[PDB]
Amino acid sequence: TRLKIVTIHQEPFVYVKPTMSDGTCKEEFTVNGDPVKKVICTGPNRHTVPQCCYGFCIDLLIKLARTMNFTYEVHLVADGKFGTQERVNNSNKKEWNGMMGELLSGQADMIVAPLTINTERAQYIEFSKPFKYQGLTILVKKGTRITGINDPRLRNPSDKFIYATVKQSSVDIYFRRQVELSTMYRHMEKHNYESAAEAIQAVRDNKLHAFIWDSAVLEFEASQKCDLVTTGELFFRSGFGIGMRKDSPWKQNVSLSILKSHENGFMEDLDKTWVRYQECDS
């Protein structure tokens, strides 16, 4: 009877850590001194095992479950991707990968993660109203001089300045579905990473010069690591929403909960707990 919730590792929305030797999760406290709420999330470490999950989206999940009175089980997307539609098995048959695919196949009943709301996905699933308003920006090593998405080193691609995004993500599609961005798309196609964490590390290690990704994630990362910065103003706006199959019995109630959370300070408090609370030190 409990909902199968699928999520993905993506700080500060979802942290994923090993359980202690006894199988439980380490007792930690937020910046406010409150216990950090932790849930067991099974997924690849390959090898699939129980792990500890917490963060902005986990607090949101707990709030939704309480408000809507439902039980759940959380697992991390098996292929580690957000989701794009592609031909499979060397055929012309198209299927969605990532969390999108799991939701459509029934492996998941609800996607609770920093999932971007876009038109392509909305053609196959239903989204709640946005639980977070953000956009796209660019992450670079402090010192790198880039104006933004219109910088010549991005518009006139060269092996001297490498940039990329994450494979099978909404950002990949944003560029793929725009002829005006064909040159850029062709460049990133040869450099895209499997996960945001790896791309961010690459920028830090000087192996990737620019990482194009969600501003909610990049601004947090850049604000916690003083060697990393973002290019400032977002070049596109998008929201994160809860994902459900079309004609789901949870759609209306999920959006009602999100509305209330935007109205009473709950969402704002999540930002003060998980996003803006301290200076760089990582």
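Heads up: residue numbers just count along the shown sequence, starting at 1.
- Missing coordinates between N45 and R46 amount to 4 to 9 residues of the deposited sequence.
- Averaged over Cα atoms, the B-factor as recorded in the entry is higher for 247-255 than for the other of 247-255 and 213-221.
- When the C-alpha B-factors of 126-134 and 203-211 are averaged, 203-211 comes out higher.
- Ranking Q85, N118, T183, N92 by the C-alpha B-factor listed in the PDB entry places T183 at the top.
- Out of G241, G55, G33, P50, the entry records its largest CA B-factor for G33.
- When the modelled residues of the chain are ordered by their C-alpha B factor, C25 lands in the middle third.
- When all modelled residues of the chain are sorted by CA temperature factor, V229 is found within the middle third.
- When the modelled residues of the chain are ordered by C-alpha B-factor, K167 sits in the middle third.
- Sort the chain's modelled residues by C-alpha temperature factor and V140 lands in the middle third, per the entry.
- Per the PDB record, residue ranking by Cα B-factor puts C41 in the middle third of the chain.
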